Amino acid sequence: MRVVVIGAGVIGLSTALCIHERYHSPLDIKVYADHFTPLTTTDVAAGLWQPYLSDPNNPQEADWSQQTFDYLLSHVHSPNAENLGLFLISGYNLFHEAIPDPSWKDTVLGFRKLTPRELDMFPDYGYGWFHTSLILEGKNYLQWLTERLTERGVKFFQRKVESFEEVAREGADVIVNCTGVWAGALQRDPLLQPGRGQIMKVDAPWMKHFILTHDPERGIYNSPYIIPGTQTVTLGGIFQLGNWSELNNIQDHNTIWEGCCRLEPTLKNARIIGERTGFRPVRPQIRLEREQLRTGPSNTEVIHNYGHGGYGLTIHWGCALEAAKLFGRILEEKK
């Protein structure tokens, strides 16, 4: 059974790992990707576990997000959780209005509304939440997934796939399409578009909480947020639909710094370390489904797993579990 996983981001590596630990013994797993850690969108993410506020169009995604939290919760107190870049963090979600509770309110730990004395610390906001969640930094998690894969016999190849057929010609029986925001290059998807994001990494070691603000009229993550990592603090708040510019933007740089300093004036004493741009694979819902390749002399099974938007880290494991369930359905039908 010969399988090719395209994509070395959090989605491709976790799917390759998750499929391997369920369906090996003898599985031939190969990972094709043209960029690896540190040069993926997964490495640009702060890694805060938090799905979108509104309910997902696919209610299964709330299940996938809950399965990812429980899986990461089973790692947090293991002695090597820092090798995963995983740790607990509590923080604030700030609003100008009483947004309804999110679907993940019982998934995170200790979800509650903010008290007036807490809201008095943020004069520009009149409502919000407090809860405890997790951070999973891509740079560490992708490296962890890699050696978990390599020590299992999984081989990696740096190469740009031009088409599913080219891989099908080489004899792949299953193609796992985990190409993120670039899935349209292999199969047109007018529902897939980039959510361009720019972030800033600063040295602010006194920041122990995440702080996320929301103006839903401006769009999700078009409002300042502050997310402490393991080494530095991530400043952000830019979500640009349809923008493919990978270069850092000067107005976006000012927008991040302005907004975050207004939110947390202590950041005026912070040292800027770096600045990065990434593309969220935006889709009305995640494409997680099986598909027959209707092109070429062979019918090759494709498991799609892309379009995770701004919550790929948040949801990757449940999606990997679902893709593994589809792989098994293929393995049974092929007999």
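Sequential numbering from 1, following the sequence displayed.
Deposited residues lacking coordinates between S25 and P26 (none, 1 to 3, 4 to 9, 10 or more): Per the deposited record, the segment joining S25 and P26 lacks coordinates for 1 to 3 residues.
Entry-level comparison of average CA B-factors, 8-16 and 321-329, reporting the higher stretch: Per the deposited B-factors, the answer is 321-329.
Average Cα temperature factor in the PDB entry - higher stretch of 230-238, 128-136: The recorded data point to 230-238.
Out of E118, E217, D101, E97, residue topping the C-alpha B-factor column of the entry: Each of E118, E217, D101, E97 was compared by C-alpha B-factor; the highest is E217.
Criterion, highest CA B-factor; candidates, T42, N299, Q66, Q50: The listed residue with the largest C-alpha B-factor is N299.
Within-chain third of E82 by Cα B-factor, per the entry: Highest third of the chain for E82's C-alpha B-factor.
CA B-factor ranking of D34, expressed as a third of its chain: Answer is highest: the recorded C-alpha B-factor places it there.
Relative C-alpha B-factor of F156, binned into the chain's lowest, middle or highest third: Within its chain, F156 is a highest-third residue by C-alpha B-factor, going by the deposited values.
Modelled-residue ranking by C-alpha temperature factor, third containing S245: Ranked within chain, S245 CA B lands in the highest tercile.
Third of the chain, ranked by Cα B-factor, where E61 sits: Middle third of the chain for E61's C-alpha B-factor.
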